[PDB]
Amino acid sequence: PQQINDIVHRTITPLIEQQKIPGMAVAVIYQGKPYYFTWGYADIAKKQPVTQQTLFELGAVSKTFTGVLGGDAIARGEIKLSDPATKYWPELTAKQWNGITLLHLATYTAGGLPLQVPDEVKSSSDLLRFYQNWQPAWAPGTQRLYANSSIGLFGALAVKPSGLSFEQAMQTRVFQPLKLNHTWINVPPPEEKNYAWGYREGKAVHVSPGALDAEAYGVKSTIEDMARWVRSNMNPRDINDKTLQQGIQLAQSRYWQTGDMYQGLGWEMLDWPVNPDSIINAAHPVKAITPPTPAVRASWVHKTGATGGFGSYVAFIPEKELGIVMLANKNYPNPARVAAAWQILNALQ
């Protein structure tokens, strides 16, 4: 439709101009079907265009895949969220770990795990030391503090009973059943040709390696696969792999409330309708939701992400079968991402 084309062009064109974004891809999911748009360049020096096959860094959007994989492992009966972390890493003997559960790791409520795993952590035994030495600020299950060192560790532990590495579990249990055939934790050599450069100060960059990066911020994907990701999370009923279906649902269960947002497994959720104001607006108290509310279809379900050189956003409203993915190769402010996303989806209501 013209409706869609017009709404996207009039919102994204000025965004790209305002933020000087070199390349961008957008998918709009409207009545459950995808509509694709591209602008600019994947690689400026080469004048290589963004296409539907261009790989972008998802940054913290990766957390939605980690949440889902975790859900799938719960649905298989391999783990429960109330399991202590030490059940799956018994070398975590330091006593601040008594009481910290997989839930707390998955939902940033362990008690002040830091935003990043320290740069100096380079090995498993360095990572052990880091967790053994860490002193919580708060008792578990009382404050939400967004942290890569939290959800990162959740992902690493949640796959232990599978007998697979994190990457293998993700590939076989999430990417392949959903036909996400151009989505990668590590871009393989034959796909480097489609891997966009990110731009940070006009300098071409890719995300740096770091501990727990696969789990926390390391996925690369195309606009097509990300449209398929959104569809799959909006209509889990449509998926044949039954544990994956259930795990998708579990990742949208509401475990905690903080202000007007509910924490799922990677996904974050607000009741629909809501404004861009409220979508956008440190540690904050949580309230347990008991039992966790089953996925509420009347929600704005979203996650933002931004590596050094990229900015990404995914949002969807399952009860409307409406959604959007925005992938760019420059990191630009979150309020701008949300405002554009909301303007498009509000117009297609």
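For every residue, the number given is its place in the sequence shown, counted from 1.
Between the stretches 119-127 and 157-165, it is 119-127 that shows the larger average CA temperature factor. In this entry, 238-246 has the higher mean Cα B-factor, the comparison being between 238-246 and 110-118. For the set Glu201, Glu268, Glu215, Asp225, the PDB entry assigns the largest Cα B-factor to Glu201. Which of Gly141, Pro90, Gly152, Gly264 has the largest Cα B-factor in the deposited entry comes down to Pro90. Among the modelled residues of its chain, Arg254 has a C-alpha B-factor that falls in the lowest third according to the deposited record. In the PDB entry, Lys220 places in the lowest third of its chain by CA B-factor. Per-chain ranking of the deposited C-alpha B factor places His206 in the lowest third. Among the modelled residues of the chain, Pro22 sits in the middle third by CA temperature factor in this PDB entry. Per-chain ranking of the deposited C-alpha B factor places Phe37 in the middle third.
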